[PDB]
Structures are given as C-alpha cells and as structure tokens.
Amino acid sequence: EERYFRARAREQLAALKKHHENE
Amino acid sequence: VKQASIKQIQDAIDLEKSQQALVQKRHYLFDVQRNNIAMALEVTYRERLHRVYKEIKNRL
Amino acid sequence: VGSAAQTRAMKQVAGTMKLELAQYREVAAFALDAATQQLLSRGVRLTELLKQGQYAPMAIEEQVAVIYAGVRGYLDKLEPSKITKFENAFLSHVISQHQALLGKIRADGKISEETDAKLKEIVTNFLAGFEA
Amino acid sequence: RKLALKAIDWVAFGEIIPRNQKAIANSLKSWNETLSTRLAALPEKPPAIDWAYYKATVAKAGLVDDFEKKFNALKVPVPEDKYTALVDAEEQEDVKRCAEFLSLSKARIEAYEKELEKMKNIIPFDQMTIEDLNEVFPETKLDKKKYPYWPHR
C-alpha cells in the first residue's frame, strides 16, 4: 500500500501544476 | 571540403598544446617516493627508544 | 526530553536523519526508480553508518563530521559493503591533517557558512583520492 | 624524529603516466596512507625515560645507580637511507625526454600554423582554373590511361 499510494501523488501534483499554470 | 580541412588542422594544434601541459607536473611521483621511504625509515628508529625503555623498567 | 539538552550542531544533521530512516522503514520491507529505489539506496547507506566497535567512544565533532558526510549524499555511489573502511580512513585523515577545523565546531557550538564551505571541498577531495 | 614531507595532489598524481604503472600506484596508496597512520599513532618524541630518577627515589636504588650509569652509556643507531639516490637518478632522464618532446611538439605546431595560414589564404574559386585546384587539394589523376573520363569508372 505504501508503494502504490506513493506512486500516484507525483501524477496528481504534476497535473495540479499544469492546471494552475494554464489558467 | 575546405572548411573540414580547416577544422582538422585546428584540432591537431589544440591536441599538441593540451599534451604539453601534463608534462610539466611530472615531478609529483618522485616526491611521493622520497617521502614514503623517509617516513618508513624513521618509524622503526623511534620504536627502538620505546623498546629499550620498556625493557629497562621491567627489570626493576 | 524533547532534545532540550543537545548541542546546536548535532540537531541540524540529526533532525534530517530521523525523516530518512522513518520513511525508509515504512516501505523497504517486502517479504519506481524515481522514488522507491532512491529511498532504500539512501536507507541502506544510512544504516551502515550507525554500526560501531567496542571500547572506543568518539568525540562529538567527529560524529558531526561523519554524519554530515552521509546525510548530504556524498556516499550514494559507493557499494555499501565498503563503507566502514571509508569511515575509518577518513576519520584518521581528518584527525591528523585538519586539527584546526574541529576546534571551530567545538568552540562555536554550531556550524557556519565558512565551515560548510570548507567541509564540501575536504569531502570531495578525499573521496576522489581515497579510491583504492 | 622530525619529518619534512611534501604535500601532493592525488588527483593530479593519477594523471601522470599510469600505463603499466597502475599496480605501483595502487601499492603506493596503501604504503603512503598506512605509514602516515602508524607515524601519527606513536609520538615522534622519545618516550619518558625519567624512570632513572624514580629508581633513585625507589628504595632499590644502589646497584640501580650503577645500572643507570650504564644506561646513560646506551646508544641507538640511526638507519641510513638507500633509495634517495635512486629516485634522483630518474629525474635527469625524465627531464631530457620532456625537453625533446617540447622541441618536437613546438616544431610540429609551427608547421601546422604555416599550413593553416596557407589554407586561410584562398582564391574565391571564380578565378580558379582546374590546375590550381589540383595545387590546393589532391584531385583526379591520369592512372586509368586510354579513357575520356579517368574516374576509375
């Protein structure tokens, strides 16, 4: 569980940065 | 074709000049040899004083 | 005690080692490369640093230096099997050739910008020279 | 005893000619580090030989006084260096080789400078004829006789 949920946070942060930069 | 020839000549000159520098600092090896042999020789000299003093103390 | 009685210099390098080991323990036991491989690569190095011999305690500043070398990542390339020899040789060399540096840390009680500048050069040079 | 050694840069030390000498340098690293560690371990000053006064203070002092008189007559030899001349021997040969290398390299550099200067000065190819291009660069020849093209086909 630690590994699997360590993997997704990078994608979520990258998409947050892209969304905020876009608008 | 002409430009390529120019590049080749420049590369040869730079290679020779670069190789000149490394020759200058060749002195370091001899210093290492000298220091190693001198220190190694003095180390055994000190132990003799230590040995003689200890041998003297035990007898008393 | 909450580290109320502890030298200022040691806190800087120990508070950061706490997090490294806490995050190493929660993942690196399974009876990717971006996060997981680096995490246990650092953790296996950090574990080996804490081993010690018998009848030979150390002064505080030497521990500060040896932990400072590990925490900053200067030893993330060497194979973990050879860390102890590096520790011993580096400690002997630092004790002999750099007696003035330790007194600065002992007297001040904390690290400084000049001290931090000196330590990186010393560590990189000795690491380069120490490959045997 | 007192020592006067020379500080070295091992990073540049590895740059010196290592061919067929890697093993020698590897041994030298061990010797240089270990001998320094051993020297630092023991004090250079001689140990405390003040026991003779203690022996006088010690109740058993009488014949020990004669033995101390013998003790003051003790002498310790000093080893003599033998490899010092051998190290100095190779330096002259290395210096001669370096001088020869410098001379040859400088001659080659001057020749290359002349050739580069020749290459830089060049006609803009509009006034050039076929022969002058053969002068500047090697080009076709007449080895394939009885041909209207001479291209090696």
# chains A, B, ... in the order shown; residues from 1 in each chain; ligands from 1
>>> interface_residues(of="chain C", to="chain D", cutoff="12 Å", atoms="only C-alpha atoms", output="PDB file with N, CA, C and O atoms, in the first residue's frame")
ATOM      1  N   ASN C  88      36.692   4.648   8.678  1.00  0.00           N
ATOM      2  CA  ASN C  88      37.908   4.596   9.485  1.00  0.00           C
ATOM      3  C   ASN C  88      39.016   5.454   8.878  1.00  0.00           C
ATOM      4  O   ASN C  88      39.628   6.281   9.571  1.00  0.00           O
ATOM      5  N   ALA C  89      39.287   5.271   7.582  1.00  0.00           N
ATOM      6  CA  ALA C  89      40.371   6.010   6.944  1.00  0.00           C
ATOM      7  C   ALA C  89      40.096   7.507   6.947  1.00  0.00           C
ATOM      8  O   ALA C  89      40.998   8.312   7.221  1.00  0.00           O
ATOM      9  N   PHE C  90      38.859   7.904   6.641  1.00  0.00           N
ATOM     10  CA  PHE C  90      38.517   9.317   6.641  1.00  0.00           C
ATOM     11  C   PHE C  90      38.621   9.916   8.035  1.00  0.00           C
ATOM     12  O   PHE C  90      39.096  11.044   8.179  1.00  0.00           O
ATOM     13  N   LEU C  91      38.222   9.176   9.073  1.00  0.00           N
ATOM     14  CA  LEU C  91      38.367   9.704  10.421  1.00  0.00           C
ATOM     15  C   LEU C  91      39.833   9.899  10.779  1.00  0.00           C
ATOM     16  O   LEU C  91      40.202  10.941  11.331  1.00  0.00           O
ATOM     17  N   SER C  92      40.688   8.924  10.456  1.00  0.00           N
ATOM     18  CA  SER C  92      42.106   9.078  10.776  1.00  0.00           C
ATOM     19  C   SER C  92      42.706  10.273  10.043  1.00  0.00           C
ATOM     20  O   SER C  92      43.411  11.096  10.648  1.00  0.00           O
ATOM     21  N   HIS C  93      42.404  10.407   8.747  1.00  0.00           N
ATOM     22  CA  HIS C  93      42.945  11.520   7.976  1.00  0.00           C
ATOM     23  C   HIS C  93      42.456  12.859   8.511  1.00  0.00           C
ATOM     24  O   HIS C  93      43.240  13.807   8.636  1.00  0.00           O
ATOM     25  N   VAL C  94      41.165  12.960   8.836  1.00  0.00           N
ATOM     26  CA  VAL C  94      40.628  14.221   9.336  1.00  0.00           C
ATOM     27  C   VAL C  94      41.237  14.568  10.686  1.00  0.00           C
ATOM     28  O   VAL C  94      41.543  15.735  10.959  1.00  0.00           O
ATOM     29  N   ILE C  95      41.424  13.571  11.552  1.00  0.00           N
ATOM     30  CA  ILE C  95      42.031  13.844  12.850  1.00  0.00           C
ATOM     31  C   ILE C  95      43.451  14.355  12.674  1.00  0.00           C
ATOM     32  O   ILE C  95      43.866  15.314  13.336  1.00  0.00           O
ATOM     33  N   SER C  96      44.216  13.741  11.770  1.00  0.00           N
ATOM     34  CA  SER C  96      45.621  14.115  11.660  1.00  0.00           C
ATOM     35  C   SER C  96      45.808  15.456  10.952  1.00  0.00           C
ATOM     36  O   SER C  96      46.475  16.352  11.479  1.00  0.00           O
ATOM     37  N   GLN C  97      45.227  15.623   9.765  1.00  0.00           N
ATOM     38  CA  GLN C  97      45.580  16.761   8.922  1.00  0.00           C
ATOM     39  C   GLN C  97      44.713  17.998   9.127  1.00  0.00           C
ATOM     40  O   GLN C  97      45.037  19.049   8.565  1.00  0.00           O
ATOM     41  N   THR C 124      34.927  16.081  -0.918  1.00  0.00           N
ATOM     42  CA  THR C 124      35.064  15.709  -2.322  1.00  0.00           C
ATOM     43  C   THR C 124      36.500  15.324  -2.658  1.00  0.00           C
ATOM     44  O   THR C 124      36.731  14.320  -3.344  1.00  0.00           O
ATOM     45  N   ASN C 125      37.481  16.093  -2.171  1.00  0.00           N
ATOM     46  CA  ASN C 125      38.874  15.767  -2.457  1.00  0.00           C
ATOM     47  C   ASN C 125      39.256  14.415  -1.869  1.00  0.00           C
ATOM     48  O   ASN C 125      39.887  13.591  -2.544  1.00  0.00           O
ATOM     49  N   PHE C 126      38.896  14.168  -0.604  1.00  0.00           N
ATOM     50  CA  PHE C 126      39.270  12.892  -0.005  1.00  0.00           C
ATOM     51  C   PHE C 126      38.542  11.730  -0.672  1.00  0.00           C
ATOM     52  O   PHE C 126      39.109  10.643  -0.813  1.00  0.00           O
ATOM     53  N   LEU C 127      37.283  11.922  -1.071  1.00  0.00           N
ATOM     54  CA  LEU C 127      36.578  10.855  -1.773  1.00  0.00           C
ATOM     55  C   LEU C 127      37.260  10.537  -3.095  1.00  0.00           C
ATOM     56  O   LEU C 127      37.418   9.366  -3.463  1.00  0.00           O
ATOM     57  N   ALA C 128      37.671  11.574  -3.827  1.00  0.00           N
ATOM     58  CA  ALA C 128      38.381  11.346  -5.080  1.00  0.00           C
ATOM     59  C   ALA C 128      39.696  10.613  -4.844  1.00  0.00           C
ATOM     60  O   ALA C 128      40.033   9.678  -5.577  1.00  0.00           O
ATOM     61  N   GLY C 129      40.451  11.017  -3.822  1.00  0.00           N
ATOM     62  CA  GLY C 129      41.750  10.407  -3.585  1.00  0.00           C
ATOM     63  C   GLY C 129      41.698   9.034  -2.950  1.00  0.00           C
ATOM     64  O   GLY C 129      42.670   8.277  -3.059  1.00  0.00           O
ATOM     65  N   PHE C 130      40.589   8.699  -2.286  1.00  0.00           N
ATOM     66  CA  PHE C 130      40.517   7.522  -1.430  1.00  0.00           C
ATOM     67  C   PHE C 130      40.181   6.240  -2.179  1.00  0.00           C
ATOM     68  O   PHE C 130      40.228   5.166  -1.568  1.00  0.00           O
ATOM     69  N   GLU C 131      39.815   6.318  -3.457  1.00  0.00           N
ATOM     70  CA  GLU C 131      39.536   5.111  -4.225  1.00  0.00           C
ATOM     71  C   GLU C 131      40.769   4.217  -4.260  1.00  0.00           C
ATOM     72  O   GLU C 131      41.786   4.572  -4.863  1.00  0.00           O
ATOM     73  N   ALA C 132      40.686   3.058  -3.615  1.00  0.00           N
ATOM     74  CA  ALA C 132      41.820   2.150  -3.521  1.00  0.00           C
ATOM     75  C   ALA C 132      41.571   0.870  -4.311  1.00  0.00           C
ATOM     76  O   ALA C 132      41.725   0.844  -5.532  1.00  0.00           O
TER      77      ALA C 132
END
>>> interface_residues(of="chain D", to="chain B", cutoff="7 Å", atoms="only C-alpha atoms", output="PyMOL selection string")
chain D and resi 1+5-6+8+13+16+32+35+39+44+46-47+49+78-79+84+87+98+105+109+112+116
>>> write_last_selection(atoms="C-alpha atoms", output="CSV table (one decimal), in the first residue's frame")
chain,number,residue,atom,x,y,z
D,1,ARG,CA,62.0,12.3,15.0
D,5,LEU,CA,57.5,15.8,3.6
D,6,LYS,CA,55.9,17.4,0.5
D,8,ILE,CA,50.8,16.2,-3.1
D,13,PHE,CA,49.0,12.2,-9.3
D,16,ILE,CA,50.8,11.2,-14.5
D,32,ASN,CA,51.6,6.3,1.9
D,35,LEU,CA,52.9,4.7,7.2
D,39,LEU,CA,53.7,7.6,12.4
D,44,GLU,CA,57.8,11.4,17.4
D,46,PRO,CA,61.2,9.7,22.6
D,47,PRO,CA,59.2,8.1,25.5
D,49,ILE,CA,62.9,7.8,30.3
D,78,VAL,CA,70.1,5.6,13.1
D,79,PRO,CA,69.3,3.8,9.8
D,84,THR,CA,67.3,8.5,-2.1
D,87,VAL,CA,64.9,8.5,-7.0
D,98,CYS,CA,60.5,16.3,-21.6
D,105,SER,CA,55.9,19.4,-30.4
D,109,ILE,CA,52.9,23.3,-34.0
D,112,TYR,CA,50.7,23.3,-38.5
D,116,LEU,CA,46.6,26.8,-41.5
>>> atom_distance(atom1="atom CA of residue 8 of chain C", atom2="atom CA of residue 101 of chain C")
17.0 Å
>>> atom_distance(atom1="atom CA of residue 3 of chain D", atom2="atom CA of residue 71 of chain D")
27.4 Å
>>> closest_atom_pairs(of="chain A", to="chain C", cutoff="12 Å", atoms="only C-alpha atoms", output="CSV")
residue,atom,partner,partner_atom,distance
A:1,CA,C:27,CA,8.8
A:2,CA,C:27,CA,6.1
A:3,CA,C:27,CA,6.7
A:4,CA,C:32,CA,9.6
A:5,CA,C:27,CA,11.0
A:6,CA,C:35,CA,8.0
A:7,CA,C:32,CA,7.4
A:8,CA,C:32,CA,11.0
A:9,CA,C:35,CA,11.0
A:10,CA,C:35,CA,9.6
>>> atom_distance(atom1="atom CA of residue 42 of chain C", atom2="atom CA of residue 81 of chain C")
13.7 Å
>>> residues_around(residues="residue 62 of chain C", least_positions_apart="2", cutoff="12 Å", atoms="only C-alpha atoms", output="PDB file with N, CA, C and O atoms, in the first residue's frame")
ATOM      1  N   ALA C   9      24.835  22.067  16.912  1.00  0.00           N
ATOM      2  CA  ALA C   9      25.394  21.495  15.692  1.00  0.00           C
ATOM      3  C   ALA C   9      24.786  20.134  15.374  1.00  0.00           C
ATOM      4  O   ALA C   9      24.515  19.824  14.209  1.00  0.00           O
ATOM      5  N   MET C  10      24.572  19.303  16.395  1.00  0.00           N
ATOM      6  CA  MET C  10      24.077  17.948  16.168  1.00  0.00           C
ATOM      7  C   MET C  10      22.632  17.937  15.683  1.00  0.00           C
ATOM      8  O   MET C  10      22.250  17.058  14.895  1.00  0.00           O
ATOM      9  N   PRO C  57      34.742   5.028  22.385  1.00  0.00           N
ATOM     10  CA  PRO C  57      33.803   6.124  22.141  1.00  0.00           C
ATOM     11  C   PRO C  57      34.452   7.263  21.366  1.00  0.00           C
ATOM     12  O   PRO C  57      35.674   7.400  21.305  1.00  0.00           O
ATOM     13  N   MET C  58      33.597   8.093  20.771  1.00  0.00           N
ATOM     14  CA  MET C  58      34.023   9.175  19.898  1.00  0.00           C
ATOM     15  C   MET C  58      33.637  10.526  20.486  1.00  0.00           C
ATOM     16  O   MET C  58      32.681  10.635  21.257  1.00  0.00           O
ATOM     17  N   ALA C  59      34.393  11.555  20.112  1.00  0.00           N
ATOM     18  CA  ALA C  59      34.034  12.920  20.459  1.00  0.00           C
ATOM     19  C   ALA C  59      32.879  13.401  19.584  1.00  0.00           C
ATOM     20  O   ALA C  59      32.548  12.797  18.561  1.00  0.00           O
ATOM     21  N   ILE C  60      32.260  14.508  19.999  1.00  0.00           N
ATOM     22  CA  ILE C  60      31.018  14.948  19.368  1.00  0.00           C
ATOM     23  C   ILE C  60      31.270  15.457  17.952  1.00  0.00           C
ATOM     24  O   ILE C  60      30.535  15.118  17.017  1.00  0.00           O
ATOM     25  N   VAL C  64      29.762  14.514  14.274  1.00  0.00           N
ATOM     26  CA  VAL C  64      29.077  15.501  13.454  1.00  0.00           C
ATOM     27  C   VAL C  64      29.603  15.453  12.030  1.00  0.00           C
ATOM     28  O   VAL C  64      28.830  15.449  11.068  1.00  0.00           O
ATOM     29  N   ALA C  65      30.922  15.381  11.875  1.00  0.00           N
ATOM     30  CA  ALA C  65      31.516  15.325  10.543  1.00  0.00           C
ATOM     31  C   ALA C  65      31.136  14.043   9.809  1.00  0.00           C
ATOM     32  O   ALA C  65      30.799  14.077   8.618  1.00  0.00           O
ATOM     33  N   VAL C  66      31.191  12.898  10.494  1.00  0.00           N
ATOM     34  CA  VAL C  66      30.933  11.636   9.806  1.00  0.00           C
ATOM     35  C   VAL C  66      29.464  11.534   9.409  1.00  0.00           C
ATOM     36  O   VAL C  66      29.133  10.963   8.365  1.00  0.00           O
ATOM     37  N   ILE C  67      28.558  12.070  10.229  1.00  0.00           N
ATOM     38  CA  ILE C  67      27.149  12.085   9.848  1.00  0.00           C
ATOM     39  C   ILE C  67      26.897  13.114   8.751  1.00  0.00           C
ATOM     40  O   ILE C  67      26.044  12.913   7.878  1.00  0.00           O
ATOM     41  N   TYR C  68      27.617  14.241   8.792  1.00  0.00           N
ATOM     42  CA  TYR C  68      27.479  15.261   7.759  1.00  0.00           C
ATOM     43  C   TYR C  68      27.875  14.721   6.395  1.00  0.00           C
ATOM     44  O   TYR C  68      27.278  15.085   5.376  1.00  0.00           O
ATOM     45  N   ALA C  69      28.897  13.868   6.355  1.00  0.00           N
ATOM     46  CA  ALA C  69      29.275  13.253   5.088  1.00  0.00           C
ATOM     47  C   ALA C  69      28.139  12.397   4.538  1.00  0.00           C
ATOM     48  O   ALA C  69      27.802  12.482   3.352  1.00  0.00           O
ATOM     49  N   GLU C  87      34.903   5.036   6.486  1.00  0.00           N
ATOM     50  CA  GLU C  87      34.727   5.747   7.749  1.00  0.00           C
ATOM     51  C   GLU C  87      36.031   5.797   8.531  1.00  0.00           C
ATOM     52  O   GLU C  87      36.451   6.866   8.990  1.00  0.00           O
ATOM     53  N   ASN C  88      36.692   4.648   8.678  1.00  0.00           N
ATOM     54  CA  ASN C  88      37.908   4.596   9.485  1.00  0.00           C
ATOM     55  C   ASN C  88      39.016   5.454   8.878  1.00  0.00           C
ATOM     56  O   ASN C  88      39.628   6.281   9.571  1.00  0.00           O
ATOM     57  N   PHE C  90      38.859   7.904   6.641  1.00  0.00           N
ATOM     58  CA  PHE C  90      38.517   9.317   6.641  1.00  0.00           C
ATOM     59  C   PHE C  90      38.621   9.916   8.035  1.00  0.00           C
ATOM     60  O   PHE C  90      39.096  11.044   8.179  1.00  0.00           O
ATOM     61  N   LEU C  91      38.222   9.176   9.073  1.00  0.00           N
ATOM     62  CA  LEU C  91      38.367   9.704  10.421  1.00  0.00           C
ATOM     63  C   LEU C  91      39.833   9.899  10.779  1.00  0.00           C
ATOM     64  O   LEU C  91      40.202  10.941  11.331  1.00  0.00           O
ATOM     65  N   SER C  92      40.688   8.924  10.456  1.00  0.00           N
ATOM     66  CA  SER C  92      42.106   9.078  10.776  1.00  0.00           C
ATOM     67  C   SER C  92      42.706  10.273  10.043  1.00  0.00           C
ATOM     68  O   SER C  92      43.411  11.096  10.648  1.00  0.00           O
ATOM     69  N   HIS C  93      42.404  10.407   8.747  1.00  0.00           N
ATOM     70  CA  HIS C  93      42.945  11.520   7.976  1.00  0.00           C
ATOM     71  C   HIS C  93      42.456  12.859   8.511  1.00  0.00           C
ATOM     72  O   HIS C  93      43.240  13.807   8.636  1.00  0.00           O
ATOM     73  N   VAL C  94      41.165  12.960   8.836  1.00  0.00           N
ATOM     74  CA  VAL C  94      40.628  14.221   9.336  1.00  0.00           C
ATOM     75  C   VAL C  94      41.237  14.568  10.686  1.00  0.00           C
ATOM     76  O   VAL C  94      41.543  15.735  10.959  1.00  0.00           O
ATOM     77  N   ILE C  95      41.424  13.571  11.552  1.00  0.00           N
ATOM     78  CA  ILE C  95      42.031  13.844  12.850  1.00  0.00           C
ATOM     79  C   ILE C  95      43.451  14.355  12.674  1.00  0.00           C
ATOM     80  O   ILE C  95      43.866  15.314  13.336  1.00  0.00           O
ATOM     81  N   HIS C  98      43.633  17.919   9.899  1.00  0.00           N
ATOM     82  CA  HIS C  98      42.707  19.046   9.993  1.00  0.00           C
ATOM     83  C   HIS C  98      42.313  19.309  11.439  1.00  0.00           C
ATOM     84  O   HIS C  98      41.131  19.460  11.761  1.00  0.00           O
ATOM     85  N   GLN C  99      43.303  19.379  12.331  1.00  0.00           N
ATOM     86  CA  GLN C  99      43.022  19.585  13.747  1.00  0.00           C
ATOM     87  C   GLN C  99      42.433  20.962  14.037  1.00  0.00           C
ATOM     88  O   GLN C  99      41.746  21.125  15.051  1.00  0.00           O
ATOM     89  N   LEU C 101      40.160  22.567  12.194  1.00  0.00           N
ATOM     90  CA  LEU C 101      38.751  22.634  11.821  1.00  0.00           C
ATOM     91  C   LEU C 101      37.845  22.159  12.951  1.00  0.00           C
ATOM     92  O   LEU C 101      36.773  22.732  13.175  1.00  0.00           O
ATOM     93  N   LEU C 102      38.254  21.109  13.665  1.00  0.00           N
ATOM     94  CA  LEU C 102      37.418  20.559  14.728  1.00  0.00           C
ATOM     95  C   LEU C 102      37.243  21.551  15.871  1.00  0.00           C
ATOM     96  O   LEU C 102      36.165  21.632  16.476  1.00  0.00           O
ATOM     97  N   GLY C 103      38.303  22.293  16.198  1.00  0.00           N
ATOM     98  CA  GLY C 103      38.210  23.267  17.270  1.00  0.00           C
ATOM     99  C   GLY C 103      37.181  24.346  17.000  1.00  0.00           C
ATOM    100  O   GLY C 103      36.539  24.838  17.928  1.00  0.00           O
ATOM    101  N   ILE C 105      34.281  23.966  15.399  1.00  0.00           N
ATOM    102  CA  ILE C 105      32.966  23.412  15.704  1.00  0.00           C
ATOM    103  C   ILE C 105      32.797  23.232  17.207  1.00  0.00           C
ATOM    104  O   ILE C 105      31.717  23.477  17.756  1.00  0.00           O
ATOM    105  N   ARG C 106      33.856  22.799  17.895  1.00  0.00           N
ATOM    106  CA  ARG C 106      33.762  22.618  19.342  1.00  0.00           C
ATOM    107  C   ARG C 106      33.513  23.944  20.052  1.00  0.00           C
ATOM    108  O   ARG C 106      32.654  24.037  20.935  1.00  0.00           O
TER     109      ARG C 106
END
>>> closest_residue(among="C:48, C:61, C:33, C:114", to="residue 85 of chain C", atoms="only C-alpha atoms")
C:48
